[PDB]
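Topology and contacts: notes
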Amino acid sequence: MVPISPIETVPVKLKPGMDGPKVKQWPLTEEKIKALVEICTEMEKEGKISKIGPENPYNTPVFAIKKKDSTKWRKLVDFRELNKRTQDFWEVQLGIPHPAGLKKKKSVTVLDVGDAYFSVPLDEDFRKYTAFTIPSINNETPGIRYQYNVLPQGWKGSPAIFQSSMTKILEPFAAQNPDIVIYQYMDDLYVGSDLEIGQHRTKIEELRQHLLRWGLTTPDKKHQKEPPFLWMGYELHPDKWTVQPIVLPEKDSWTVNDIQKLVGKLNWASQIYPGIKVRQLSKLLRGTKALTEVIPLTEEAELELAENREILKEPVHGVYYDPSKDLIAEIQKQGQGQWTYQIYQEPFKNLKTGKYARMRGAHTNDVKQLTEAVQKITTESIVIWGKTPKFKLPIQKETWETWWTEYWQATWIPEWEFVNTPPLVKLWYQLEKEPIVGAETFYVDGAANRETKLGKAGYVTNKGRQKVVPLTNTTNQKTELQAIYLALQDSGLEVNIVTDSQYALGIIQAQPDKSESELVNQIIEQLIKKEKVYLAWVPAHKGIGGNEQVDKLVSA
Amino acid sequence: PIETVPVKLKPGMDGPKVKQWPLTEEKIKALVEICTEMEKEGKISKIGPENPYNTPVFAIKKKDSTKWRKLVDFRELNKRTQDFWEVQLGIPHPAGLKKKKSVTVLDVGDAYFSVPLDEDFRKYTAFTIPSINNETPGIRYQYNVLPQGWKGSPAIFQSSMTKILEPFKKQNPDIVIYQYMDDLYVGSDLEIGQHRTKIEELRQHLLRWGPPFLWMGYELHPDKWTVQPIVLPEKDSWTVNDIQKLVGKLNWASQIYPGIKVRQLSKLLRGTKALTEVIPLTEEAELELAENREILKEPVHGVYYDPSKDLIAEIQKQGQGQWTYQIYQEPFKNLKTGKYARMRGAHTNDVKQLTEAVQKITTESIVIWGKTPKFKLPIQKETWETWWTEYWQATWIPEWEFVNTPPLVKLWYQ
Ligand SMILES: Cc1cc(C#N)cc(C)c1Oc1nc(NC2CCN(Cc3ccc(C(N)=O)cc3)CC2)ncc1-c1ccncc1
Ligand SMILES: [Mg+2]
């Protein structure tokens, strides 16, 4: 016997205050009981479980389940109750790698660590909580009692403890073999290297020799699946990667769940398929939770869906990462608050692609959305490559400099260059910083009655021009905006506007270029038409001439 | 130091479970090198999956330095750590530190690594060195000693720090010494010549009584810290626009100062006049403007620091590298106002400038009141949280919220 090192035990506890499970065993048929006795007998000879006395007060139900072609019985210990009372663990498997961050490996070997899974002992002070009972034939003897010595399948802590134990075992081997890479998920161990295929394998048995120190048998994985490897929904090929083939279903009736599975396909596809759009599709799922509800598609969802099928005609593939090359990201505006990007190192060979949708809000503009897309790509690139890409943006350097030097918020975009790809992001209007000499001055105001929702809006100017318009079903805030709209409509190309509306100032000073409010959108359309606009604010009800005159003209 | 101090969380609270945010390759490499050394020295130890807690970590380069410093964001753990008293009921903040001619700041956090931490509390200091692209499991550690940035570190170490400072405090009774987290604030009134060496006299003390960043000194001059009262223009000719902006400013100031009057100035704005037209002031308006100007010279009344409430700091971007800020606890009762300009190394980076403003305002807040303010930042959350760690140079971190609607108030501190 070659002495083997013990795998270090992880101490486990139940949640504070909680006790172990005490669930009663279900009645079983004589057939199932015989099945469970033979299996548990084998498992005891292997050391996985052990018989216990009657003093253990905990219990978890056990079942026996039949399969399809294999005319066998398999056990099933239902640890749902124990999992609720088990402490939380550090799950080291939240984020999976992204293929676009992986480097090329000439040789890759896949070994199975299933037999090694049972060499991981369970914390001794915790085993008592895993007790289960095999009921006896005809209930005429005491049921046979068992508890686990190893990590049980279906127990909360088994994935975390198994992965951590393997990592600790593998750590010195990887550290002293910088030429290879080792990646484990579930019960597969993937070993890659840029060593030629003969020299590569020698390191593989060197890993077997290292793993046998803890007595872990590791043979090659049964039926070496030849490329591509199907991993986490991807297709990993020697020189390229892609999503597993996506097929958009053909339907005449689209329901809630069909459209929810359709965004997932398109979202998953958008990482490598350029130009995917999902807004007018995602818009049909606003406030419904009946997954059988049928919804008629807009003519814009059909146009968007048909555009997606055209992009999905032929499969697209991405390249792997080369640290010696630069990292570049290019963004395009797609319309309706939708953006798409590509990340590459050499032209026309994308590492990956993606999309960005604008956040929910009443008013917005393109420069803010572009800035948000940049920050999302920056954070994604840090995750995948540990660095920020150089950006190619459809915005002129002069446009950006005007934007950030004048905007009331601090803002920043990392190193970038203009790329002329229409439609370009522009500033559609710019308010003046000082009053315009020789331009007419419009004092605007509006007011509404909250009882009747009747209101008035209008202006008076320094040239004697005046207008008051009566309005129905309106509010104080809408009449204040209507007054500004009227002044813009009736003025020349340059105009000074004086208002007391803090609400209107808050909107206009946010510099929106588009709004969901039709009235705000009309104001924007007027501002685009002007040469110069100076917007001045004054406090209401304060003896400010022109403002006082128009305030009582509109206050009925 | 061999016997630890018992420490607990606050009632009904578990440890922090805060996600680690993405780190660049160069910061990961620096953290790996730092933590490898700290592990050999016994300050931290690897942990297993039975520890579910986490606190974010990153790396910074302090001002005028070339080596990386580990920075743990203990903000959540500090919120959940019990309030400290132990030795005494608390040391009151020295109100004389802010009036000294020179204040030097020293990084003494390395001294904390000499005191062991309660072995029951250690699990709550868990942190993760992430890997690029999640290609390896994150390296998990916990602290065995008092960690830099934890609220409990200066409190537990306070007794030891007093005994080390006592020979120097006895010699110099005019030197104010204040401790905030990992920072030692040493204020004197003598000139800069050998204030540096008297601060160097502090360095050999801790050196012989017990460092990677001890050699540096952050020099301040709080006696020359300028305030920004409310100022009205002085003009010979006032346009309609000028008077309109003045009435708006005075109407805002009337919420702060009693007896502000604008009715005489509003009478000049009688009629529908062009904004650029010059209006001669009447003497009743000239008199009203003079009385308002006098009111605005005296301080605001009923303004006191309440140590039970939070300090709020608001910041406005004024353009051309200029930033204004106000510190208060209740609206319209500012405890401190100020203005910055020419943030070095950031003429074309708004976020870098804002990040330096936040650090300078926090430093001033520590000197004046001994705690940090909660910031209202004129920036979108996603922009700030992407970039602020790239320009951070302090060893503490304040709290912040984000302003999304443009305040009308920026014009009246302009
Ligand atoms: C994340 C991940 C998933 C799987 C799967 N399932 C496998 C591995 C090894 C893996 O981990 C890494 N995988 C890469 N590269 C990938 C593997 C190699 N293929 C190309 C290829 C070549 C030749 C063949 C062939 N001979 O048939 C077949 C395919 C590219 C993707 N590189 C680095 C790591 C890594 C792991 C741990 N620490 C650091 C880095
Ligand atoms: Mg009005």
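Residues numbered from 1 in each chain as written, not as in the entry; some residues may be left out. Chains lettered and ligands numbered in written order. Heavy atoms only, no water. Residues with missing side-chain atoms left out of burial classes, pairs and counts.

In terms of determination method and resolution, the entry is listed under X-ray crystallography at 2.02 Å.

Each side of the interface is counted separately: chain A has 63 residues, and chain B has 61 residues. Taken together, the two surfaces of chain A and chain B that pack against each other cover about 5,000 Å², and 60% of this comes from carbon and sulfur. Among the residues of chain A in contact with chain B, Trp90(A), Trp408(A) and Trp412(A) are the three that bury the most area, contributing 17% of the side total. Connecting chain A to chain B are one salt bridge. The salt bridge involving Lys17(B) is made with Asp88(A); its shortest N-O contact spans 3.0 Å. Between the two partners, chain A and chain B, sit 19 residue pairs in polar contact. Among the secondary structure elements, those contributing two or more residues to the side of chain A that touches chain B are helix 4 (158-175), helix 9 (366-385), strand 18 (440-448), strand 19 (455-461), strand 21 (494-499), helix 12 (502-508) and strand 23 (532-537) of chain A. With eight residues, helix 9 of chain A is the largest single contributor of residues to the side of chain A that touches chain B. Looking at the side of chain A that touches chain B, its residues break down into 35 nonpolar, 25 polar and three charged. (Contact = heavy atoms within 4.5 Å. Buried area = accessible area lost by both parts, 1.4 Å probe. Salt bridge = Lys/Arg side-chain N within 4 Å of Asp/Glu carboxyl O. Polar contact = N/O pair within 3.5 Å; in protein donor to acceptor, adjacent residues only side chain to side chain. Helix = DSSP H or I, 4+ residues; strand = E, 2+ residues; numbered from the N terminus. Nonpolar A, V, L, I, M, F, W, Y, C, P; charged D, E, K, R; others polar.)

What follows covers the packing of helix 4 of chain A against helix 5 (residues 197-211) of chain A. Residue and element names in this part refer to chain A. One way to put it is that helix 4 packs onto helix 5 with a least axis distance of 10 Å and a crossing angle of 125°. Looking at the two axes, helix 4 sits oblique to helix 5. The hand of the helix 4/helix 5 crossing is right-handed. Residues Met166, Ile169, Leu170, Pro172 and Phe173 of helix 4 lie in contact with helix 5, whose contacting residues are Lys203, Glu206, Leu207, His210 and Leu211. (Axes fitted to C-alpha atoms, helices over the stretch in contact; angles between N-to-C directions. Parallel < 35°, antiparallel > 145°, perpendicular 65-115°, else oblique. Left-handed = near helix turned anticlockwise from the far one by under 90°.)

Next up on the list: the site of ligand 1. In the vicinity of ligand 1 lie 17 residues, with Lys103(A), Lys105(A), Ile182(A), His237(A) and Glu135(B) positioned nearest. Ligand 1 is flanked by residues contributed from chains A and B. In the environment of ligand 1, a nitrogen atom lies 3.2 Å from a nitrogen or oxygen atom belonging to the backbone of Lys103(A). Note that a nitrogen atom of ligand 1 is positioned 3.1 Å from one of the backbone N or O atoms of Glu135(B). Relative to its unbound accessible surface of 790 Å², ligand 1 loses 91% to contact with the protein. (Near = heavy atom within 4 Å. Areas by Shrake-Rupley, 256 points an atom, 1.4 Å probe, with all protein chains shown as cover.)

This part is about the coordination of the magnesium ion (ligand 2). All names here are of chain A. Donor atoms from the polypeptide that bind the magnesium ion (ligand 2) are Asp445 (OD) and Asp551 (OD), placed at 2.4 to 2.6 Å. Of this pair, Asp445 sits in strand 18 while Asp551 is found in helix 14 (residues 547-554), placing the two residues 106 residues apart along the sequence. Relative accessible area serves as the criterion here: at 4%, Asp445 is assigned to the buried category. (Donors = N, O, S within 2.8 Å, 3.2 Å for Na, K, Ca; no water. Buried < 20%, exposed > 50% of the residue type's maximum accessible area, 1.4 Å probe, protein only.)

Once that is clear, we can look at helix 4 (residues 192-209) of chain B. All names here are of chain B. Between its first and last C-alpha, helix 4 extends 26 Å over 18 residues, near the 26 Å set by a 1.5 Å rise per residue. Buried within helix 4 we find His195, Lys198, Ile199, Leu202, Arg203, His205 and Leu206. Taken down its axis, helix 4 places every buried residue within 160° of arc, on the same side. Every exposed residue of helix 4 that faces more than 90 degrees away from the buried side is listed here: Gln194, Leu207 and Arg208. (Expected span 1.5 Å × (residues − 1). Arc of directions from axis to C-beta.)

Glancing now at the side chain of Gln338(A). All names here are of chain A. Looking at the element boundaries, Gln338 is found in strand 13 (residues 338-346). Given a relative accessible area of 4%, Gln338 falls into the buried group. A distance of 3.1 Å separates a polar atom in the side chain of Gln338 from the backbone nitrogen of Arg279. For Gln338, the contacting residues outside a window of four places in its chain are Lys277, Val278, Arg279, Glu304, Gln332, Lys333 and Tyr356.

Turning next to the packing of helix 3 (residues 152-171) of chain B against helix 4 of chain B. Residues and elements named next belong to chain B. In the contact formed by helix 3 and helix 4, the axes pass within 10 Å of each other and the chain directions differ by 150°. One finds that helix 3 runs roughly antiparallel with respect to helix 4. In terms of crossing hand, the pair formed by helix 3 and helix 4 is right-handed. Between helix 3, through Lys163, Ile164, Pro167, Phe168 and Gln171, and helix 4, the contact on the second element is made entirely by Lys198, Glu201, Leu202, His205, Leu206 and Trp209. Of the residues in the contact of helix 3 with helix 4, the class split is six nonpolar, two polar and three charged.

This brings us to the sheet that holds strand 11 (residues 241-243) of chain A. Residues and elements named next belong to chain A. Pairing in this open sheet of three strands is antiparallel, and the strands run 9-10-11 from one edge to the other. Only two strands of the sheet have a single neighbouring strand rather than two, namely strand 9 (229-231) and strand 11. Ignoring which end each strand starts from, the neighbouring axes of this sheet average 25° apart. Summarising the sheet, strand 9 and strand 10 (residues 234-236) pair through three bridges and their orientation is antiparallel. Looking across to strand 10, one finds that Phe229 is bridged to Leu236. (Pairing = 2+ DSSP bridges.)

You'll often see interface size given as the accessible area lost when the parts meet. Residue and element names in this part refer to chain B. Under the domain assignment used here, chain B contains domain 1 (6-95 + 121-161), domain 2 (96-120 + 162-219), domain 3 (220-305) and domain 4 (306-414). For domain 1 versus domain 4, the distance between C-alpha centres works out to 25 Å. Contacts between the two partners involve 14 residues from domain 1 and, on the opposite side, 16 residues from domain 4. Roughly 1,200 Å² of surface becomes buried between domain 1 and domain 4 when both sides are summed, with 53% attributable to carbon and sulfur atoms. Connecting domain 1 to domain 4 are two salt bridges. Taken together, the elements giving at least two residues each to the side of domain 1 that touches domain 4 come down to strand 2 (57-60), strand 3 (69-72) and helix 2 (75-80). (Domains from an automatic or database assignment.)

On to the nonpolar core. Within the largest apolar cluster, 87 residues are counted, with the highest numbers of intra-cluster contacts made by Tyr143(B), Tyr185(B), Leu377(B) and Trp392(B). With nine residues, the top contributor of residues to this core is helix 8 (residues 350-369) of chain B. The contact partners of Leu377(B), leaving out residues within four places of it in the chain, are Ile315(B), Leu354(B), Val358(B), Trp384(B), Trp400(B), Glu401(B), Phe402(B) and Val403(B). The next biggest cluster of nonpolar side chains, apart from the first, holds 65 residues, and it includes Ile436(A), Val550(A), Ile243(B) and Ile279(B). (Core = buried A, V, L, I, M, F, W, Y, C linked by side-chain atoms within 4.5 Å.)

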